[PDB]
Structure formats: structure tokens, C-alpha cells
Amino acid sequence: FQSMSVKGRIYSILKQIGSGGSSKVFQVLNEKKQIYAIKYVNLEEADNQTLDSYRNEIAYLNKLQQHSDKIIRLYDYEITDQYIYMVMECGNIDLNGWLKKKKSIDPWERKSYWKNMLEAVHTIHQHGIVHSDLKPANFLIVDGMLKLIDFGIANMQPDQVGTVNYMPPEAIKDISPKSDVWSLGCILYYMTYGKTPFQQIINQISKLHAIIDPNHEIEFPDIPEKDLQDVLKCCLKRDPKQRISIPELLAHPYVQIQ
Ligand SMILES: Cn1cc(-c2ccc(Nc3ccc(C#N)c(NC4CCCCC4)n3)cc2OCC#N)cn1
């Protein structure tokens, strides 16, 4: 319940949304009694490369404000040699929290979320950015609308730390815009089938080996949504060159037909 100031404006802390090493996201309230999210970054122990990775993500979030409504709103920020405070839109819940909370998701809710994820990821691709690490936790639900929280440029946990379930097969070998297609593909597979394509594999060394194994058939069960099975099968292709692009996903019958 301790107060804080961002560019001369007062924000009293209400709760703590998440934590990241050297970082903390809090639910706050300003003097006009509106509700915001404030990301606090502790810069004290951080190198010049880390610092520049943080300054790079801020600038992109600041720029990509204008280009898409599928990117988290950044209202203001205070930057010192000591800390970063970023005043963002609060939203309802992250996509991981929502998917973990409810058992089954509505087929319509799924298309809307998909359209939103493609639009978000497309905007960063349009600027030279590949997130390279997409998980439902990177997306925020803001009044039925999914928004991309970050660009995986800056070096979190709600209080998926280093997940492999949404990892592309080229990342296990090692990154191109096609990597984000694999990751988005896994999120959809989770929204369609209730688990990631390789979720069932208890071991991480056995899971890592499965993603890169082409003779390890990924199942694609029969569902009423025929177009959806095709989106899934098109995204989860091991060769990046044989995997569908975002411009092509945005003109797929799934996202476009009533
Ligand atoms: C029941 N429940 C609600 C949440 C939640 C989760 C996230 C947010 N909003 C934001 C707004 C900005 C950021 C940033 N940066 C962020 N990050 C979190 C960090 C922890 C992992 C999920 C994303 N979350 C708001 C959230 O609730 C509304 C508020 N305050 C999680 N569980």
C-alpha cells in the first residue's frame, strides 16, 4: 500500500501482479482514481548490454503504440541510472492465467484471440522484431481483446519461466519471423486440444528430442472446426520454410470466414 511517483504524478500501490528478477509489476491507482499497471525495474546490478536491451524494448513499445491497438498501452515512464517505472494499462488477466482458470474455451473466443495474436505479432515483424519466445503469459486480456505485453528484447512469473513447450524446432538446433508462427501455433493447439503438442512428454530431454524429431508424428485430432485443424497443421510444420507465414495466416479461411 506504499505510494510512488512517475513524472510528478502520484500512484498508490494496490497489489503485486508479478515479479521478474530485478523487476516487479504492481496494480496501482492514481490521483484521478484510475487503475493502471506499473512495471518497476531495478537497474542497480545491471550491465550496459542489459541496460541497452531495456532501453530498446521501451523505445519499441513507445513507437508501436501508434501502429497497433494489439500492443499494451504505455501511458508514461520515469528512467534514471537507478530504476525504470512504466505506466501501462492494467487489463483483466494474462492469457496464461485465463487458460489455467477455465477448463474449456469457447470456439468464437478462440478466433477472436487468434486474430488478435496474429495482428500483435505481425506488427512487431513489420518493424524487424521477432519475439522468439511466445507463451500465453506474453498476452494480456483487455476487455475481450488480446494485447502483446512484450517483444522478448529485454533479458515473466505471476507473483512461464524458461518454457520449452512453445519452442520452435530451429531454436533447439540453435530465429526468423517463422519462429513466432511455431509458438503461436502451440498456443492455439493448447486453446484447441487443452495441452501443448508436446505437453504429455514428462522429461525435458525427451521433449526436446521430440520437437526436433520429424518421425515423431504430432497428433491433430478431428474437431468440428476443419479450418482450425489446417491452421494447426500449417503452423506446426518443423521446416520453417514449409511453415505458414503471418500474412498468409491472416487470409486463412479460419480468421476470415463467418
Ligand atoms: C486473476 N489474475 C489477474 C491477473 C493479471 C495479470 C496481468 C495484468 N496486467 C499486466 C499489465 C502489464 C504487465 C506487464 N509488463 C503484466 N505482466 C504480467 C507479469 C506476470 C505474468 C503475466 C503478465 N500484467 C493484470 C491482471 O489482473 C488485473 C489487475 N491488476 C493475473 N491473475
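Each position is counted from 1, following the chain as shown.
Cβ coordinates come from backbone N, Cα and C, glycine included.
Features reported for this protein in Swiss-Prot:
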| type | residues | note |
| --- | --- | --- |
| ACT_SITE | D133 | active site, proton acceptor |
| BINDING | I17, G18, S19, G20, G21, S22, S23, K24, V25, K39 | ATP binding site |
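As recorded in the PDB entry:
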| type | residues | note |
| --- | --- | --- |
| SEQADV | 1-4 | expression tag |
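In this chain, none of the residues that are 6 or more apart from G21 (ATP binding site) has a CB less than 8 Å from its CB. For the recorded ATP site, residues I17, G18, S19, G20, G21, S22, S23, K24, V25, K39 set the reference point as the centre of their Cβ atoms, and the other residues of that chain within 8 Å of it by Cβ are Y40, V41, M156, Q157. A straight line from the CA of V25 (ATP binding site) to the CA of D133 (active site, proton acceptor) spans 20 Å. In this structure, the recorded positions that sit close to ligand 1, with a C-beta under 6 angstroms from any of its atoms, are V25, chosen from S23, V25, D133. Cβ contacts within 10 Å of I17 (ATP binding site), excluding its own Cβ and spanning all protein chains shown: 21. In the structure as shown, the Cβ atom of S23 (ATP binding site) sits within 10 Å of 16 other Cβ atoms. Where the chain is interrupted between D174 and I175, 13 residues are left out of the deposited model, and the two C-alpha atoms stand 8 angstrom apart.
Counting residues of the expression tag (1-4) by DSSP class, helix then strand then coil, yields 0 helix, 2 strand, 2 coil.
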